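To start, the structure itself, in C-alpha cells.
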Amino acid sequence: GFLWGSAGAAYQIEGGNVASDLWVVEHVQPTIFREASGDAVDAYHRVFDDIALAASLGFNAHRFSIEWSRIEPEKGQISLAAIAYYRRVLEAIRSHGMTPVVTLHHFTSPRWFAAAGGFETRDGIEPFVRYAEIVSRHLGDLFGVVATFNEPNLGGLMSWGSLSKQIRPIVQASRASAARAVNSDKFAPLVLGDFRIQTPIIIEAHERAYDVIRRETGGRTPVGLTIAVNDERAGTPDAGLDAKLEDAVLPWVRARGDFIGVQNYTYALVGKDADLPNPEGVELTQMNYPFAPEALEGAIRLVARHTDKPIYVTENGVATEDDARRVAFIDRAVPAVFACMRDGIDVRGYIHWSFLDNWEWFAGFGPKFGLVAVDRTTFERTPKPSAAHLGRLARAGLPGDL
C-alpha cells in the first residue's frame, strides 16, 4: 500500500563519517561549510530508538541511506562490520512493521572515490556498481524500495540560481584545497562536481547498478533514483524552461528505472537564462526560498508530463524553527499529492523530510527540517507536534476516492 514515512541521510544524521569525502572538504580553506558535521545527531547509535519511535508515531516506511564510506573506507577494503550494522538497521525497520526505503548514495562518497575524480570520469562508474552489488548481495533481501542516487541532478537545478554562480569559485577552491590535503590532482564529491560532466556518467552508473540490483533482488524490489524537482513556473514570457529541464530534470526522468523519487520543497520563477529572485511579500523558510506546500503538486505534475514511471515523494518538508508552520505546510502538502492521484498520476508514497533536525550540509545545524528535535549535547530526542500530527495523517491514509 501507500507509503507514509520519514527520511534521513547517513552523513546528515549518523555522525563520525570520517571516511567520507565531505569531511576533508569540511576541514580545509577556503571554507564553504558553516560548521563541521561532527557527530551530527548521533543516529549511528540512536538509530534503533529512532526506528521504534517512527513506528510508534504510525509511519509505515523509513527512508535512510547506506553510507558507502563505511562499507568501503578504502578502495577494495570492505567493512563487514558496517554491512552487519546496516543489516541490523534493516532488520530493525522490518521488526517494527515498516518498509525500508534505502538510499545507496546520498551526496557523499569515500575519500578515495572523490580523489580519483568521482563521477567526473567514467572510471567512477565501475566502483559504484560494484558497491551497489556488494550491498545488494548482503542486504538486498531486506530492501523495500531502493534509490541508487539521491538528487544527482541538484547541481544542474541550482546552476540556474544566482547563489551557485556567486559561490562557485569558492566551491572549486575548497575542492582544490581538499585535493591537496589528500595528495591528489582531483577531489570531486558528487554534490560539488560539475553536473554538465557528471550527468551522463552518473546516469550510466545508475542504469548499471539498476541491472545489478534487480538481479540480486530477483526483480521483486523497486529500484530507481530520486531527483530534486521544483514547481517550475515561467517568470518572464521567454522563460528558459525547456533548457532548464534538459539541464536538470529530463535526462534523469528518461533514464531506466522502476520509479522516480520526487523531492520538492518550493517553486522557482524561471527567467530566460537563470531563475528570478524571490517574489517579495512572500513567506520564506530558513533555506531562504518561499514557503509553498502547494508547489509539491506542480512538481509531481511536472514529472508526470515526461514519464509514465510510478512516482514516490521521497522528500518533502519545511525548514523552520516554528513547528506550527510545519503543521500547516503538511496539511497543505498531503492534499496536493491527493489531487495528483485524483488526476490519475501514479503516486505510491509520501516520505517527509525529515525525521530529525540534522546537519543541513553548508547551512549546518541552523535549518530545522525535522519532526523530532535533538539536544546535541545529550542527543535526546523530543518529537515536535508535527511528528504525531503526520502520524495521524498516515493512519487516516488515502481518501475513499483513491
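Following the order of the C-alpha cells, first chain is A, next is B, and so on, with residues numbered from 1 inside each chain and ligands from 1 in the order they appear.
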Excluding residue 110 (chain A) and its own-chain neighbours fewer than 4 positions away, which residues fall within 9 Å of it when counting only C-alpha atoms? Please give them as an MDAnalysis selection string. chainID A and resid 19:22 67:70 72:75 114:115 189
Those selected residues, please, written with N, CA, C and O atoms and delivered as a compact mmCIF listing (two decimals), in the first residue's frame.
# COMPACT_ATOMS: atom_id res chain seq x y z
N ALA A 19 35.47 8.78 7.00
CA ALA A 19 35.93 8.22 5.74
C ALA A 19 35.30 8.90 4.52
O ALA A 19 35.71 8.59 3.39
N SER A 20 34.35 9.80 4.72
CA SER A 20 33.62 10.41 3.61
C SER A 20 34.34 11.66 3.11
O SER A 20 34.97 12.39 3.89
N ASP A 21 34.24 11.90 1.80
CA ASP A 21 34.97 12.99 1.16
C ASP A 21 34.65 14.36 1.77
O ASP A 21 35.54 15.21 1.95
N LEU A 22 33.38 14.58 2.10
CA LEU A 22 32.97 15.88 2.63
C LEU A 22 33.62 16.20 3.96
O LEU A 22 33.61 17.36 4.36
N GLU A 67 25.84 4.46 3.96
CA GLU A 67 27.00 5.32 3.71
C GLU A 67 28.13 4.50 3.11
O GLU A 67 28.77 3.69 3.81
N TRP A 68 28.40 4.73 1.82
CA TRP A 68 29.42 3.96 1.11
C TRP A 68 30.77 4.04 1.79
O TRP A 68 31.58 3.11 1.68
N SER A 69 31.04 5.14 2.51
CA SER A 69 32.36 5.31 3.10
C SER A 69 32.56 4.39 4.30
O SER A 69 33.69 4.03 4.63
N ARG A 70 31.46 4.00 4.97
CA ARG A 70 31.58 2.96 5.99
C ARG A 70 31.80 1.59 5.37
O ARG A 70 32.60 0.79 5.87
N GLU A 72 33.12 0.77 2.48
CA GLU A 72 34.38 0.66 1.75
C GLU A 72 35.25 1.87 2.08
O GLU A 72 35.44 2.77 1.26
N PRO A 73 35.82 1.91 3.29
CA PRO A 73 36.62 3.08 3.69
C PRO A 73 37.82 3.31 2.79
O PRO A 73 38.20 4.46 2.54
N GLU A 74 38.45 2.24 2.29
CA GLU A 74 39.47 2.33 1.26
C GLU A 74 39.07 1.42 0.11
O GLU A 74 38.34 0.45 0.29
N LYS A 75 39.55 1.76 -1.08
CA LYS A 75 39.22 1.00 -2.28
C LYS A 75 39.61 -0.46 -2.11
O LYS A 75 40.75 -0.78 -1.75
N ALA A 114 36.27 10.18 -4.43
CA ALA A 114 36.38 11.58 -4.83
C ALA A 114 37.78 11.88 -5.36
O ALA A 114 37.93 12.57 -6.37
N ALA A 115 38.81 11.35 -4.69
CA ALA A 115 40.18 11.64 -5.08
C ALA A 115 40.51 11.10 -6.47
O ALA A 115 41.35 11.66 -7.17
N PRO A 189 33.74 15.40 -4.95
CA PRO A 189 32.50 14.91 -4.35
C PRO A 189 31.33 15.17 -5.29
O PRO A 189 31.28 16.22 -5.94
Contacts of region 371-382 of chain A within 12 Å, only C-alpha atoms, excl. fewer than 2 positions in-chain, as a ChimeraX atom specification: /A:5-8,13-15,37-47,49-50,53-54,57,316-327,330,351-359,365,367-369,384-391
Determine the nearest neighbour of residue 303 (chain A) from the options A:202, A:228, A:80, A:396, counting only C-alpha atoms.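 The answer is A:228, which sits nearest to residue 303 (chain A).
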Using only C-alpha atoms, pick whichever of A:143, A:187, A:362, A:128 has the shortest atom-to-atom distance to residue 217 (chain A). A:143
Point-to-point distance in Å for CA of residue 147 (chain A) and CA of residue 82 (chain A):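 Pair CA of residue 82 (chain A) / CA of residue 147 (chain A) returns 19.2 Å.
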My list of candidates is A:210, A:48, A:23, A:350. Which is closest to residue 264 (chain A) when distances are computed with only C-alpha atoms?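 Using only C-alpha atoms, residue 264 (chain A) sits closest to A:350.
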Test item: residues at most 10 Å from residue 306 (chain A), only C-alpha atoms, excluding those fewer than 6 positions along its chain, as a list in words: residues 249, 250, 253 and 254 of chain A
Dump as an mmCIF file, in the first residue's frame, selection limited to N, CA, C and O atoms:
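Writing the result to out_10.cif gives the following:
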data_model
loop_
_atom_site.group_PDB
_atom_site.id
_atom_site.type_symbol
_atom_site.label_atom_id
_atom_site.label_comp_id
_atom_site.auth_asym_id
_atom_site.auth_seq_id
_atom_site.Cartn_x
_atom_site.Cartn_y
_atom_site.Cartn_z
ATOM 1 N N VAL A 249 16.408 17.936 -15.269
ATOM 2 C CA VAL A 249 15.308 17.018 -14.976
ATOM 3 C C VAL A 249 15.204 15.901 -16.009
ATOM 4 O O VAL A 249 15.231 14.714 -15.659
ATOM 5 N N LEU A 250 15.077 16.278 -17.282
ATOM 6 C CA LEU A 250 14.677 15.324 -18.316
ATOM 7 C C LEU A 250 15.624 14.138 -18.465
ATOM 8 O O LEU A 250 15.130 13.001 -18.573
ATOM 9 N N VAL A 253 14.786 11.743 -15.560
ATOM 10 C CA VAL A 253 13.467 11.137 -15.689
ATOM 11 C C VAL A 253 13.448 10.103 -16.811
ATOM 12 O O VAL A 253 12.759 9.080 -16.711
ATOM 13 N N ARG A 254 14.226 10.326 -17.870
ATOM 14 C CA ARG A 254 14.237 9.427 -19.018
ATOM 15 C C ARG A 254 15.139 8.210 -18.832
ATOM 16 O O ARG A 254 15.057 7.277 -19.637
#
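Interatomic distance, CA of residue 195 (chain A) against CA of residue 176 (chain A): 17.4 Å.
Closest approach to residue 392 (chain A) among A:338, A:59, A:113, A:259: A:59, based on only C-alpha atoms.
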